[PDB]
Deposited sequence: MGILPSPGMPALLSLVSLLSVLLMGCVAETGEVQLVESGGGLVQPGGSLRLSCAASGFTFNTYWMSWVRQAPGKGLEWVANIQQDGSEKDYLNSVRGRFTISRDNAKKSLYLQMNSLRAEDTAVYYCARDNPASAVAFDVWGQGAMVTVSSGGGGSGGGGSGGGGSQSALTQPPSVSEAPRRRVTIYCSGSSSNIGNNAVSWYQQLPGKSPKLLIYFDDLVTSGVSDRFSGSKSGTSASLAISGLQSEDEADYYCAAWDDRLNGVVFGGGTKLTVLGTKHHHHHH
């Protein structure tokens, strides 16, 4: 069973340190890039870091550089996030994620998240709606440094659940995901089309891509889909 289990969450003072861990099972952990993505309460997704199979490369969100360290121990099938110099902006649920294909920068497996309490580049429409069996489209507007040059991923997040990868490499559908979800990319904008709408499709949808200028993954602000 492909699974990621985070632990180590807690309440920390500003300026403090906290170490998160993630136990992986059901796959050859040593052959995959791994990542952390966070979500502040009631807010959108924000990527934190990636780490190559053996720790030869690390990628970070600019605002956590000099504060956070991603690391892994392949013998223990564990991914870690050492968080120092903590700030109020770091309060969030932190998800452990598998980055596969790493060349598409796609998070194809997500953990349930570990809660941490310290106490814009991609534009999406805030809301979309339509009746059952009908279709909606969700835009994701970017620039040449992200969508223009890099593969787009789309995620679905149901209430109280971890995000799920739907589309990666701009238009490939994740195995098991219905073919009524389709992705497209033209120029510096991307689109997710959902046809055959069902009541279970009601969720927040997020686009993401690597950004060459920011040197990291950028997420859209998310779109709330309502089924009439």
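(request) Point out each run of deposited residues with no C-alpha coordinates, keeping the order of the sequence. (result) Residues lacking C-alpha coordinates: 1-31, 151-167, 277-285.
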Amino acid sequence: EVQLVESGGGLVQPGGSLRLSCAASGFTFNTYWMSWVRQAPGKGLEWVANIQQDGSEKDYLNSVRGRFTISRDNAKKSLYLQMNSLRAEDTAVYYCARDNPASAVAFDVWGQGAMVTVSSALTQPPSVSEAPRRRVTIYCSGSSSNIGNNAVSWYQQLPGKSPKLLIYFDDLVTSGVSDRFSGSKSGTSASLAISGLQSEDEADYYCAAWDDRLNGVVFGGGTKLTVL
From here on, numbers count along this sequence of modelled residues.
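(message) Using only C-alpha atoms and the B-factors in the entry, which stretch averages higher, 6-14 or 209-217?
(response) Per the deposited B-factors, the answer is 6-14.
(request) Give the stretch, out of 168-176 and 29-37, with the larger mean C-alpha temperature factor in the deposited entry. (result) Comparing 168-176 with 29-37, the higher average CA B-factor belongs to 168-176.
(message) For the CA B factor values reported in this entry, which option in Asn50, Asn62, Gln198, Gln53 has the top one?
(response) By C-alpha B-factor in the record, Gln198 ranks first.
(message) Just the C-alpha B-factor column, please: which of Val109, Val118, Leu158, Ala104 has the biggest number?
(response) The C-alpha B-factor peaks, among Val109, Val118, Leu158, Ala104, at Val118.
(request) Could you look up the Cα B-factor of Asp99 in the entry and say which third of the chain it sits in: lowest, middle or highest? (result) Its C-alpha B-factor, which the entry lists for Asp99, ranks in the lowest third among residues of this chain.
(message) Going by the CA temperature factor in the PDB record, which third of the chain does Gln82 belong to: lowest, middle or highest?
(response) As the PDB entry reports it, the C-alpha B-factor of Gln82 lands in the middle third of its chain.
(request) Place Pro163 in the lowest, middle or highest third of its chain's C-alpha B-factors, as listed in the PDB entry. (result) Within its chain, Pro163 is a lowest-third residue by C-alpha B-factor, going by the deposited values.
(request) Using the B-factors in the PDB entry, rank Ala75's C-alpha atom against the chain and give the third, lowest, middle or highest. (result) CA B-factor rank for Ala75: highest third.
(request) Grab the CA temperature factor for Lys43 from the record and place it in the lowest, middle or highest third of its chain. (result) According to the entry, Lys43 has a C-alpha B-factor in the chain's middle third.
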